Every structure is written in structure tokens, then in C-alpha cells.
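Contents: one structure, followed by commentary.
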Amino acid sequence: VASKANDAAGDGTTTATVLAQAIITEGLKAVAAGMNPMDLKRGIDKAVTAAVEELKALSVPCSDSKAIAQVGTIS
Amino acid sequence: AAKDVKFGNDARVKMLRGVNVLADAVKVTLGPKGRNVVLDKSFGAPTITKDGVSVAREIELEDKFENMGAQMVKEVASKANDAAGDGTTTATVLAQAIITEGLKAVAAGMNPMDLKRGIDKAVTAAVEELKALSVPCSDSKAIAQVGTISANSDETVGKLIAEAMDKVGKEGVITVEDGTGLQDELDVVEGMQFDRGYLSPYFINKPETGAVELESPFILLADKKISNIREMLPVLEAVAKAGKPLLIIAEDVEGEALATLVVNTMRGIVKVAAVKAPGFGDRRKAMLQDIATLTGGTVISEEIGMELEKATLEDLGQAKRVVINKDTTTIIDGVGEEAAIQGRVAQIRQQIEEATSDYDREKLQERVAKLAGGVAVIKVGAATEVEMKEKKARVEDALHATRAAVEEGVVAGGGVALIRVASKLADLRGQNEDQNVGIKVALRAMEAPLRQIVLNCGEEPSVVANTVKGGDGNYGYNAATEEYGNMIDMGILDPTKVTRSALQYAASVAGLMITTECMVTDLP
Amino acid sequence: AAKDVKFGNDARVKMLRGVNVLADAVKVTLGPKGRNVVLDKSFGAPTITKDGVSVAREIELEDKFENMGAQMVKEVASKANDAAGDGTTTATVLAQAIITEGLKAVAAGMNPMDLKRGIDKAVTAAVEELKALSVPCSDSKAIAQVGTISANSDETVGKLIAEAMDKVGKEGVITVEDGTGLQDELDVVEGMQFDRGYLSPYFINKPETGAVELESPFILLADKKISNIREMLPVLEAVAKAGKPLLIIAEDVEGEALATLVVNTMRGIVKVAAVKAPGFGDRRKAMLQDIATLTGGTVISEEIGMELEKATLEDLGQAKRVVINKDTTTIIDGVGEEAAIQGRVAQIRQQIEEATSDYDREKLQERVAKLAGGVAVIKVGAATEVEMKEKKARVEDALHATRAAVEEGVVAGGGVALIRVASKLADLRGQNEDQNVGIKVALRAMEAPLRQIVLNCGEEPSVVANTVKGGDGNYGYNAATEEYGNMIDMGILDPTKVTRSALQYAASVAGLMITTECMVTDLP
Ligand SMILES: [Mg+2]
């Protein structure tokens with residue numbers, strides 16, 4: 001995950017890693033509850049497709065020098 | 001002594017392996033078609049047995065911890081039996097069932113407090129469903145029936161049990177003696193039973209019943225606590241040369257006189273036993289006099305000055321028999337005069353006129369019932385001693401199970417009841433989704449006793465269970481004959497007490513374990 | 001014997017692991033919703049307990065050192081309990097909390113002497129804030145209230161405690177006996193209590209209370225030291241054949257007669273106990289006569305020639321009961337004449353006229369109070385013995401906690417008080433920035449008890465804490481019902497003594513450890 005994040009984005013590799021560890025921890029806990037893993041997967045995936053759509057919505061353009069310098073800075 | 005301390009997971013993994021060993025040994029005997037367990041014995045050949053209680057008694061593990069695990073379930077499961085008359089194995093099989101799945105969950109990362117709450121809810125619900133599914137057992141026809149089924153299709157036994165309850169009431173005291181002839185007898189005689197157990201397991205002369213049977217003994221009735229053994233010798237030596245045993249009822253018997261009496265019976269001269277006097281305070285004053293009247297003895301009071309040293313055989317009471325167990329004492333056939341007992345009846349009957357409180361009128365009413373109510377004895381007859389001393393035990397079994405049916409009714413006996421209720425409350429939910437896991441754990445655990453019976457028979461358990469579940473009411477599988485039907489009509493029934501007690505006790509200990517964070521024991 | 005000696009870091013790393021094992025075992029029981037600890041036992045089934053005091057008692061570690069660490073905390077935490085009536089577990093949980101973080105700091109390279117100073121300042125400040133947050137508990141309305149809350153919502157208990165303090169004063173002596181009927185009684189009777197403990201833990205006949213209860217015994221009043229056991233036999237054999245126990249009050253009892261008496265009770269014939277006479281020098285001369293008067297006995301003086309060999313039963317005093325513990329002896333219902341006691345009252349009342357010093361007038365005043373002031377006994381009534389012998393203990397609990405509320409007021413009980421003061425003094429500073437670390441360590445340690453209670457319930461601790469911190473005064477979280485509110489109104493309150501004592505003792509031992517440079521113990 002951390003590796004792929006890096007090749008595409010260039011940043012967020014830690015976040016990516018922290019999310020992945022989280023889904024896994026919680027996933028496996030459900031698998032141990034008798035849940036069907038292949039369905040937990042379909043759920044996760046659907047939740048993600050939706051979250052991606054929602055992020056597209058929230059995103060506002062970033063074009064002025066001041067905004068750019070800010071992402072640079074936090075980065 | 002330095003201890004070894006285990007925490008959290010380690011503690012629980014240990015506790016689990018322990019219980020799994022106990023359950024795995026004991027669960028294989030469960031059906032009417034149990035597998036056998038071979039129990040080694042020092043001198044002579046081993047013992048082969050299909051009997052869980054007997055297997056359990058033998059289990060003790062090397063790895064303390066593991067041991068505690070098993071000894072904990074063993075205790076709980078024993079108490080089911082103490083409070084019903086059966087269930088010990090079921091208790092165990094169920095306990096294992098929850099614990100295994102519970103512990104697996106907590107170890108998986110789920111909330112122990114929620115998991116327990118769920119288990120407890122499902123149990124509550126199931127105890128309700130059980131009361132509903134229970135078929136009442138109230139009239140003489142049903143008493144006799146449940147008696148005969150329990151004594152293994154023996155109409156003559158059920159007749160007797162029903163006749164006893166017919167004579168002394170459903171609450172009245174019923175005991176079983178050895179018969180003298182071929183014929184069964186049922187006599188009613190002046191006697192009493194009170195809620196007090198032996199003061200040491202070392203008085204037990206009948207290892208089988210785990211009880212103390214005494215033959216036409218004298219009864220000592222002391223008002224004080226018995227610590228010193230010096231005031232004993234004037235009377236304890238007069239009953240030594242009278243050949244007969246001796247019963248002691250006093251405020252208590254303290255270590256000093258107790259431990260001397262304990263080793264004085266087993267390995268010793270005069271065989272005696274002692275129990276605390278019934279009630280407390282002002283009650284035991286008059287409650288002890290009640291026994292004195294019945295047995296034709298005298299109360300050694302402090303407020304009169306009488307001491308134990310100044311007492312003879314003449315001062316003591318007498319009965320033809322008496323049985324003491326874990327928590328019950330019952331005396332049979334008191335030598336007390338018919339005039340003396342009737343006189344004391346009229347004395348209390350009067351005192352009931354008071355009605356100063358509904359408490360006092362009820363507490364004096366209990367003393368009347370005990371005294372004037374008497375005890376019904378069943379002498380069991382048969383053709384040969386081997387055949388008789390056996391039948392006696394079988395009656396004692398049925399008597400037990402009957403008193404429990406009279407109380408809470410009866411239900412489908414193949415672990416069928418348990419599967420039934422569990423199928424009813426399949427919708428039950430909680431707040432936490434961990435609380436749900438908790439319920440589903442306990443639900444699934446309720447299919448265990450049946451699934452096990454079937455497996456001990458070599459039949460597909462999945463399959464049998466699924467079809468029992470597809471039915472309703474007391475429809476189940478009879479493992480002995482491999483046919484489905486109405487379990488009660490087929491005469492495969494547990495009393496409701498026992499099935500519930502098994503569930504509840506299994507459930508308690510299981511929860512107790514899911515909530516254990518620490519274990520403390522001596523160094524290997 | 002050759003010792004093993006550890007220094008500095010090694011010694012402390014050991015001590016830490018020690019305390020961590022004690023705390024980790026004991027802290028899991030803390031809430032009203034504790035997890036259980038399984039405590040093994042030799043014969044029979046193990047013990048499952050939610051009770052820290054009981055767990056702590058069992059802890060002893062193999063690795064001496066480690067052991068010392070735990071034994072140290074144990075002793076301190078026990079003393080909290082000795083000086084309040086509760087707090088043992090809180091004492092421990094807090095002690096762990098400082099020690100862990102303290103020791104981590106010193107090991108990190110910071111000044112032990114500063115770290116301690118900071119801890120001590122924070123505690124000082126917190127004890128102040130506690131006195132502020134405390135609510136007085138002075139009038140009969142509040143006494144009864146705190147009594148009922150402590151006995152678990154039982155109005156009838158609080159009534160009795162309040163009635164006792166109402167009768168014998170807030171300072172007066174109050175004991176609890178077993179009730180004879182269903183009704184509670186409160187009698188006042190001629191008795192006394194003085195600050196003297198048993199001369200050996202081996203006289204204890206009530207392992208539960210850790211006390212010595214004796215039934216209508218004789219009292220021996222000797223003026224000399226008791227070393228030899230030969231002068232005992234004339235009296236100790238007359239009370240052997242009187243069946244009753246015997247209390248010894250003398251200047252002292254030396255190893256020679258003591259060790260013979262010690263093994264003479266446990267495993268022995270006559271059950272007796274002995275305590276030093278109250279006061280010293282000229283006081284105990286007349287102070288012992290006071291007891292003689294009350295009990296109707298004679299003082300065996302040396303200045304008259306009387307020796308112990310020339311003494312009978314007639315010379316001894318008597319009471320209906322007496323209880324001795326770690327440091328307190330109290331006698332109940334002396335057989336002493338009403339004429340004789342009133343005569344001795346008028347004798348001292350006179351002597352108060354002296355006023356040679358405000359010391360002498362006060363010291364004679366204390367003897368009057370003890371003698372003429374009497375002891376208030378509470379006979380506890382109930383429906384059944386199991387129910388009663390239980391209620392009795394519950395009253396004894398409430399009585400304790402009440403006496404402590406009367407002394408220093410009450411506060412929010414969920415570890416809430418502690419979190420409150422800790423949020424108040426968040427600005428507190430020292431000189432050294434290591435001294436700051438010391439404060440921040442102690443501050444953080446004060447959230448431990450609450451954070452633990454919450455955790456024992458499976459609730460987010462961070463979250464509950466944060467919201468209790470966001471309120472004021474006695475607003476807190478009640479773990480038993482999972483609601484927030486005013487802890488006092490919801491009846492979750494600790495006496496102030498106990499909360500303070502817990503904090504101070506935890507703080508002492510923690511500091512002691514941070515300043516330890518060397519440990520000395522026997523070779524493995
Ligand atoms: Mg970044």
C-alpha cells in the first residue's frame with residue numbers, strides 16, 4: 001500500500017499504511033465473529049467507491065500561489 | 001509461600017486448556033449410549049464407566065492453572081446436581097461450549113463485559129422459553145408417571161412415590177429404607193427434617209449417597225457451643241458401652257471437640273456425627289425443644305444451669321434412624337410420647353392465635369408442619385439383596401427427579417428442550433454488536449448437549465439437530481431408539497429445574513471466566 | 001546468613017516489577033464492576049473474587065527484591081485501610097501510578113530528590129483542594145444519610161448508626177452483635193475501650209475481621225510483667241473447668257508465658273488472649289483499677305503482696321463479650337456493681353477539682369468518659385441467618401465509613417474527587433524543571449483510580465475522564481449505571497479521610513522508592 005501510494009501520489013504513504021492496518025484489524029475481528037470474508041470485502045469496496053465520490057465533491061480547486069505554498073508547507 | 005501469577009490472555013489460555021480436558025473426558029459419556037472412560041485404580045483392575053459424575057470426580061490436572069480451569073467448572077457443575085438431582089455432565093458440556101467460544105472472542109479482540117452481557121441475556125430469555133415449554137406435573141396420575149419413567153419403566157415405583165406424596169403432601173418429607181420382605185411398604189411415622197448439614201465430610205459412612213446413615217441412635221440436645229471435649233466423656237462413654245451411635249445437635253461444635261470427634265469415628269471407637277441446631281436466636285431455643293419433644297429427650301440449657309457433665313443416657317432422645325447430608329438433616333421415628341408431642345402441638349396451635357405479625361404466624365406454622373406433619377418412609381422390597389439394594393437406589397433417583405418435576409414441571413429430555421428454546425430466540429439482539437456475538441455464542445452452545453448425544457451414537461449430529469429444530473414443542477430425537485416423536489410421550493424427559501439449573505450454572509462460570517484478568521497459585 | 005545486595009538501577013528495576021505484579025493483580029477489581037481474580041486454595045475448589053484486599057493478601061513473589069517491592073506497597077496500602085476503613089486498592093493503584101512514572105524518570109537521568117519534592121508538593125496541594133471540595137457531615141440527618149449510602153441504600157442501617165451516635169456521642173464506643181430476633185436492637189451498657197492490641201496474631205479466632213471475639217469470659221488483672229507460666233496454673237486450671245475463655249491484662253506478657261499461651265489456644269485446651277494494660281507508669285495503676293471496678297474484679301498488686309498463685313475465680317472480673325484487634329481492646333457489659341462504678345465515678349469527679357495542671361484535669365477527664373460513658377451495642381436482626389450474618393458485616397462497613405465522615409466530611413466517590421483536584425492544580429510549578437516532572441507525574445497519577453474503574457467496565461477511559469474533567473465540584477461518572485451527575489446525590493461518595501489517606505500513603509511509599517539506592521536480602 002505504502003509502496004503504491006508513493007508511485008501514484010508522492011505522499012500519504014503513512015496515511016495509506018495506517019488505514020490499511022485499520023481495515024485489517026477490524027476486518028479480521030469480524031471474520032472471527034463468523035462473518036463471511038468475501039462479503040466484508042464487497043462492503044469495504046463499496047464503502048470506498050462511495051467515499052471516493054464524496055471526496056471528489058469536497059475537493060475545491062487550488063490555483064493561487066498562496067494555496068500552493070500551503071500544501072507544500074504541510075507536506 | 002511464593003506464588004505464581006498469570007495475567008490476562010496467558011491466564012485464560014491456561015484456564016481454557018484445563019476446562020477442555022475436563023469436558024473432553026466427561027462429555028463422551030452423555031447419551032443413553034455413552035462411550036466408555038477407563039478410570040485407573042491402585043490395587044486391582046481399572047474401572048470402566050459410562051458415568052460422567054464418576055469421571056469428573058477423578059479429574060485433577062498437573063499444571064495448576066489448567067487445574068483451576070477444570071476445578072472451577074467441576075464445582076459449578078456439581079452444584080447444578082446439588083440443586084436438582086442430575087445435570088452435572090450437561091452443565092459441563094454447556095460450560096465448555098460457551099467458554100470455548102467466549103474465550104475465543106475475547107482473545108480475538110472483543111469486549112469481555114459485553115460478551116458476558118449477551119450470554120446472560122440469551123440465558124434469561126431461554127429460561128423464560130423453558131418455563132413456557134414446561135409441561136406441568138401436578139396430579140397423582142402425572143406424579144406416578146414421572147416416577148415410573150425415572151425409575152426406568154417401573155410402574156410399582158411410581159405408585160409408591162405417588163402414594164407417599166398422596167399421604168404426607170407434596171412438601172412433606174419422604175425417605176427410603178431397606179425392605180424386610182419381598183413386599184414394598186409405606187409407613188407414616190413421627191419425624192422431622194431441617195436445613196442443616198454435617199459439620200465434617202468425615203462423618204460419612206455411606207460413600208455412595210455421600211450421606212450419614214445412623215442406626216437407632218441416641219440424640220444429644222445442647223443449647224451452647226461445643227468447643228471443649230471434656231464435658232463429652234460422661235455421656236460419650238455411656239453411649240460407648242450402649243453399643244449404639246450418637247447424634248449431636250448444638251449451637252455449634254468448634255474445632256477442638258470437632259477434630260477429636262472426627263478422628264474418633266473413622267479409625268475410632270464410637271461412631272458419631274454432629275450438626276448445628278436449626279434457625280438462629282430465639283427460634284432455635286424453641287425449635288430445639290421441638291426436637292426434644294419428638295425424640296423424648298431433654299434440652300441441656302444454660303439458663304437452668306444444666307451442664308453436659310451432669311447428663312445421662314436417660315436425658316437423651318432416640319430415633320429408629322437418621323440421615324444427614326451436605327445441608328439436610330432428617331430424623332425418623334422418634335421415641336417421644338404421643339401425649340408429649342400432641343401436647344406441644346396444642347401449645348403452638350394456641351400461639352398461632354397471636355397474629356402480631358404475618359411473619360410470626362407463618363414461622364410458628366412451619367414448626368407445626370415439621371412436628372405434626374411426620375415423615376413417610378418407603379421400605380423397598382425385592383427377591384434378592386443384590387436386586388433390592390439396587391432397587392432402593394433407583395427409587396431414590398426417581399424420588400429426587402419427581403420432587404423436581406412437581407416444582408417446575410418437565411421437558412423434552414434429549415437436550416431437545418435446549419435446542420428448542422434456542423431456535424425460538426434466534427432474533428434476540430443487544431446494543432453492542434459485541435453483545436450480539438455474546439448471544440449467538442450462548443445460543444449455539446445450547447445445541448451442544450443434543451449434538452453430543454447424537455455423536456456418542458455415531459449418527460450425523462448436524463442432521464439430527466436440523467430435523468429436531470424443524471419441529472415444535474417437545475418434538476425431538478430419541479437416541480436410544482433412533483426415532484423422532486414427542487419426547488414426553490416416548491418417556492424421555494428431564495425435570496425443568498435440572499435443565500434450567502444446568503444452563504444457569506454453566507452460564508455463570510462461563511461468564512466468570514470471560515471476565516477473569518488474573519490467576520494466583522503456588523509455585524510448581 | 002550471606003546476603004544478596006543490589007544497587008541503584010538494578011535494585012529499582014527489581015522493585016518496579018515487584019509492584020507492577022501486585023498492582024496489576026489487584027487493580028482489576030476496583031470498580032463496582034470489577035473483573036475477577038481466581039485465587040487457588042489447597043484442599044477443594046479455588047476462590048473467585050472481585051475483592052482487592054483479598055487478592056493483595058495472597059501476593060508474595062519468588063524473586064525476593066521483586067517481592068520486597070510488592071510487600072512494600074502492600075504494607076503502606078494496608079495502613080491506609082487501618083486509618084480510614086477502605087482505600088487499600090486505591091492506595092495500590094495510585095502507588096503503582098507514581099512509582100511507574102517516577103522510576104521511569106530517575107532511570108532516564110533525572111534527580112530523585114527533586115522528583116520526590118515535586119510529587120510531595122502536588123500531594124500537599126491536592127490534600128488542600130480535597131478539604132475544600134469536602135462536604136461536612138455533622139448532624140443526625142447527614143450521619144444517617146452517609147450510613148444508609150454506605151450500607152447500600154438501606155435506610156434502616158443509617159437510622160441505627162445515627163441513633164447510636166445520638167446516644168453515646170460521636171466519639172463514644174459502638175460495636176455490633178448478632179441479633180436474636182427479626183428486630184434490630186440498640187442497647188447501651190457499662191463498658192470501655194482502650195488503645196491496646198493483641199500480644200500475638202495467633203489469638204485471632206475470627207479470621208475475617210482479623211480480630212479476637214470472646215464469649216462471656218473472665219478477666220485477669222495483673223500489675224506485674226508476666227514472664228513465667230507457673231503462677232498461671234492455679235487460675236488457668238480453674239477457668240479450664242469453668243468452660244469459659246479468659247482475658248489477660250497485665251504490664252506485659254513475655255515470650256516465656258506468651259509462647260506457651262499462644263500454642264495453648266490454637267491446637268490447645270483453654271482458649272485465651274492477652275493485652276498490655278493501658279497507659280504507663282502512674283496512669284496504668286489507677287487506669288487498671290478502673291477496669292477492675294467495671295468488671296467486678298480485683299487487681300493483683302505487688303505492693304500489697306498478692307501473687308498470681310494466690311488468686312481464685314472470685315478475684316476475676318467478667319463481661320458478656322470482648323473484642324481485641326491489631327491495636328484496640330474493647331470490653332462489653334461488665335458484671336461490676338452499679339454502686340461500685342458510681343462510687344468510682346464520684347471518686348474521680350472529685351479529683352478533677354484539683355486543676356493543678358490542665359494536663360491532669362484532662363487526663364482524669366478521659367478516665368471518666370471511658371467509665372461512665374459506656375458502650376452502645378447494635379444487635380442486628382433479619383429473617384434468616386445467611387441474610388443476617390451478612391447484614392451485620394454490612395453495618396460494620398457503614399459504621400466504619402461513617403466515623404470517618406464525621407471526622408473529615410465526604411467527597412465524589414468514583415475516583416472523581418481525585419480527578420477533580422488534579423484538574424484544579426494543573427498550573428502548579430516547582431524550581432527545578434525536574435521538580436515539575438515530579439508534579440506532572442503525581443498529577444497524572446491522580447486520574448488513575450477513575451481511569452481504571454471505567455476500564456474495568458469496558459468503557460473508553462480517556463473519554464469518560466475528559467468529560468468528568470469538563471465539569472465542576474462533585475460532578476462525575478457513575479460506573480454502575482453509566483450516567484453522569486452529582487456523585488453525592490447519586491450516593492457514590494468516599495469519606496474524605498479515606499481518599500486523602502489513600503493519596504498520602506501511595507505518595508509516601510512512592511517517594512521512598514524513588515530515593516532507594518540499595519536493597520539487602522537473603523541468598524536465593
Ligand atoms: Mg506527508
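A note on labels: chains of the C-alpha cells are A, B, ... as shown, every chain counts residues from 1, and ligands are counted from 1 in their shown order.
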Neighbouring residues of ligand 1 are defined here as those with any atom at most 10 Å from a ligand atom, counting only C-alpha atoms and all ligand atoms; list them as a ChimeraX atom specification. /A:10-15,71-75
Output for the residues just chosen: N, CA, C and O atoms as a PDB file, in the first residue's frame:
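File written: again16.pdb
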```pdb
ATOM      1  N   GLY A  10       2.875  10.409  -4.345  1.00  0.00           N
ATOM      2  CA  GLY A  10       4.129  11.018  -3.963  1.00  0.00           C
ATOM      3  C   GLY A  10       4.118  11.326  -2.492  1.00  0.00           C
ATOM      4  O   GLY A  10       5.150  11.699  -1.958  1.00  0.00           O
ATOM      5  N   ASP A  11       2.977  11.161  -1.831  1.00  0.00           N
ATOM      6  CA  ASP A  11       2.860  11.491  -0.409  1.00  0.00           C
ATOM      7  C   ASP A  11       1.732  10.649   0.170  1.00  0.00           C
ATOM      8  O   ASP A  11       1.107   9.936  -0.556  1.00  0.00           O
ATOM      9  N   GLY A  12       1.481  10.702   1.466  1.00  0.00           N
ATOM     10  CA  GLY A  12       0.345   9.996   2.015  1.00  0.00           C
ATOM     11  C   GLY A  12       0.575   8.526   2.289  1.00  0.00           C
ATOM     12  O   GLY A  12      -0.359   7.824   2.685  1.00  0.00           O
ATOM     13  N   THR A  13       1.824   8.073   2.099  1.00  0.00           N
ATOM     14  CA  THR A  13       2.241   6.679   2.271  1.00  0.00           C
ATOM     15  C   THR A  13       2.051   6.224   3.705  1.00  0.00           C
ATOM     16  O   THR A  13       1.694   5.072   3.937  1.00  0.00           O
ATOM     17  N   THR A  14       2.281   7.106   4.672  1.00  0.00           N
ATOM     18  CA  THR A  14       1.968   6.764   6.055  1.00  0.00           C
ATOM     19  C   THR A  14       0.488   6.631   6.278  1.00  0.00           C
ATOM     20  O   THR A  14       0.045   5.688   6.921  1.00  0.00           O
ATOM     21  N   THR A  15      -0.280   7.605   5.794  1.00  0.00           N
ATOM     22  CA  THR A  15      -1.719   7.559   5.949  1.00  0.00           C
ATOM     23  C   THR A  15      -2.241   6.224   5.376  1.00  0.00           C
ATOM     24  O   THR A  15      -2.847   5.393   6.095  1.00  0.00           O
ATOM     25  N   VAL A  71      -0.005  23.708   0.641  1.00  0.00           N
ATOM     26  CA  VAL A  71       0.124  22.275   0.575  1.00  0.00           C
ATOM     27  C   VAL A  71       1.612  21.903   0.709  1.00  0.00           C
ATOM     28  O   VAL A  71       1.981  21.049   1.539  1.00  0.00           O
ATOM     29  N   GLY A  72       2.455  22.599  -0.051  1.00  0.00           N
ATOM     30  CA  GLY A  72       3.894  22.473   0.071  1.00  0.00           C
ATOM     31  C   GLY A  72       4.361  22.494   1.513  1.00  0.00           C
ATOM     32  O   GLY A  72       5.106  21.624   1.922  1.00  0.00           O
ATOM     33  N   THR A  73       3.915  23.480   2.277  1.00  0.00           N
ATOM     34  CA  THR A  73       4.292  23.624   3.666  1.00  0.00           C
ATOM     35  C   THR A  73       3.878  22.445   4.532  1.00  0.00           C
ATOM     36  O   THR A  73       4.686  21.974   5.314  1.00  0.00           O
ATOM     37  N   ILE A  74       2.638  21.967   4.406  1.00  0.00           N
ATOM     38  CA  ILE A  74       2.165  20.882   5.288  1.00  0.00           C
ATOM     39  C   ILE A  74       2.866  19.565   4.945  1.00  0.00           C
ATOM     40  O   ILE A  74       3.249  18.760   5.826  1.00  0.00           O
ATOM     41  N   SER A  75       3.039  19.391   3.639  1.00  0.00           N
ATOM     42  CA  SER A  75       3.820  18.324   3.055  1.00  0.00           C
ATOM     43  C   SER A  75       5.247  18.237   3.607  1.00  0.00           C
ATOM     44  O   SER A  75       5.741  17.153   3.885  1.00  0.00           O
TER      45      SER A  75
END
```
Give me, as an MDAnalysis selection string, the residues of chain A that a backbone DSSP run labels helix (DSSP H, G or I). chainID A and resid 2:8 13:31 37:58 65:74
Spatial neighbours of range 412-428 of chain C, 7 Å, only C-alpha atoms, chain gap at least 3 places, as an NGL selection string: :C and (126 or 129-130 or 443 or 446-447 or 449-450 or 469 or 474 or 476-478 or 487-488 or 492-494)
Residue selection dump (C-alpha atoms) as a compact mmCIF listing (two decimals), in the first residue's frame:
```txt
# COMPACT_ATOMS: atom_id res chain seq x y z
CA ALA C 126 -4.26 18.19 46.36
CA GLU C 129 -8.14 21.09 47.34
CA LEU C 130 -9.74 18.00 48.83
CA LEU C 443 -0.98 14.85 38.84
CA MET C 446 -4.49 11.04 40.26
CA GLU C 447 -6.58 10.20 37.21
CA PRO C 449 -8.36 5.28 40.00
CA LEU C 450 -11.17 6.66 37.80
CA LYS C 469 -12.79 16.88 33.97
CA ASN C 474 -18.82 16.82 42.67
CA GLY C 476 -18.76 12.73 37.99
CA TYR C 477 -19.42 9.45 36.19
CA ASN C 478 -21.23 6.66 37.99
CA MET C 487 -21.83 11.86 42.64
CA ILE C 488 -23.09 12.73 46.13
CA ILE C 492 -21.44 7.48 45.28
CA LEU C 493 -19.24 9.07 47.93
CA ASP C 494 -15.95 8.23 49.72
```
Between B:84, B:464, B:345, B:399, single out the one closest to residue 173 in chain B, counting only C-alpha atoms. B:399
Sorted by chain and rising residue number, list the residues of chain B at most 8 Å from chain A (counting only C-alpha atoms), each with its closest atom pair and distance in Å to one decimal, as JSON lines.
```
{"residue": "B:105", "atom": "CA", "partner": "A:32", "partner_atom": "CA", "distance": 7.2}
{"residue": "B:108", "atom": "CA", "partner": "A:29", "partner_atom": "CA", "distance": 6.3}
{"residue": "B:109", "atom": "CA", "partner": "A:29", "partner_atom": "CA", "distance": 6.7}
{"residue": "B:110", "atom": "CA", "partner": "A:29", "partner_atom": "CA", "distance": 7.9}
{"residue": "B:437", "atom": "CA", "partner": "A:33", "partner_atom": "CA", "distance": 6.6}
```
Return the neighbours of chain B among the residues of chain C, cut-off 8 Å, counting only C-alpha atoms, as a VMD selection string. chain C and resid 21 25 28 35 to 41 45 to 46 58 to 62 179 to 181 243 267 to 269 384 to 385 457 to 458
Just C-alpha atoms for this one: save the residues we selected as an mmCIF file, in the first residue's frame.
```
data_model
loop_
_atom_site.group_PDB
_atom_site.id
_atom_site.type_symbol
_atom_site.label_atom_id
_atom_site.label_comp_id
_atom_site.auth_asym_id
_atom_site.auth_seq_id
_atom_site.Cartn_x
_atom_site.Cartn_y
_atom_site.Cartn_z
ATOM 1 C CA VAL C 21 2.807 -7.577 39.681
ATOM 2 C CA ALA C 25 -3.355 -8.266 40.007
ATOM 3 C CA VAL C 28 -8.574 -5.244 38.086
ATOM 4 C CA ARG C 35 -13.069 -8.205 36.820
ATOM 5 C CA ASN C 36 -12.406 -11.387 38.829
ATOM 6 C CA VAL C 37 -9.248 -12.867 40.131
ATOM 7 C CA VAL C 38 -9.042 -16.572 40.789
ATOM 8 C CA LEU C 39 -7.189 -17.391 43.950
ATOM 9 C CA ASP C 40 -6.145 -21.018 44.310
ATOM 10 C CA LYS C 41 -6.570 -22.823 47.599
ATOM 11 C CA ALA C 45 -12.129 -25.611 44.636
ATOM 12 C CA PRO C 46 -10.460 -22.239 44.039
ATOM 13 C CA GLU C 58 -2.258 -13.574 48.666
ATOM 14 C CA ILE C 59 0.529 -11.849 46.712
ATOM 15 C CA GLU C 60 4.118 -12.898 47.501
ATOM 16 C CA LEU C 61 6.761 -13.215 44.803
ATOM 17 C CA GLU C 62 9.539 -15.729 44.215
ATOM 18 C CA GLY C 179 -29.320 -10.169 66.656
ATOM 19 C CA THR C 180 -31.609 -12.659 68.374
ATOM 20 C CA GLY C 181 -34.915 -11.912 66.630
ATOM 21 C CA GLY C 243 -15.584 -23.937 80.335
ATOM 22 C CA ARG C 267 -4.458 -26.585 68.888
ATOM 23 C CA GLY C 268 -4.901 -26.282 72.662
ATOM 24 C CA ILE C 269 -7.185 -26.706 75.674
ATOM 25 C CA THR C 384 -32.556 -15.801 58.029
ATOM 26 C CA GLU C 385 -29.043 -16.412 59.405
ATOM 27 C CA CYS C 457 -16.281 -1.713 32.778
ATOM 28 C CA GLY C 458 -15.117 -1.804 29.175
#
```
In Å, with one decimal, what is the gap from CA of residue 32 in chain C to CA of residue 453 in chain C? 7.7 Å
DSSP strand (DSSP E) selection over range 163-351 of chain C, as a VMD selection string: chain C and resid 173 to 178 185 to 189 192 to 194 212 to 215 218 to 222 225 to 226 246 to 250 252 to 253 272 to 276 299 to 300 317 to 324 329 to 334
Atomic distance CA of residue 51 in chain A - CA of residue 39 in chain A, expressed in Å with one decimal: 18.2 Å
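Among B:378, B:77, B:316, B:454, the residue with the shortest atom-to-atom distance to residue 468 in chain B, counting only C-alpha atoms, is B:454.
Candidate residues B:334, B:44, B:495, B:191 were compared for distance to residue 137 in chain B, and the nearest is B:495, using only C-alpha atoms.
Of the listed residues C:233, C:451, C:382, C:190, the one whose atoms come nearest to residue 340 in chain C is C:190, with distances taken using only C-alpha atoms.
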Pick the closest to residue 48 in chain C from B:465, B:296, B:511, B:338: which is it, counting only C-alpha atoms? B:511
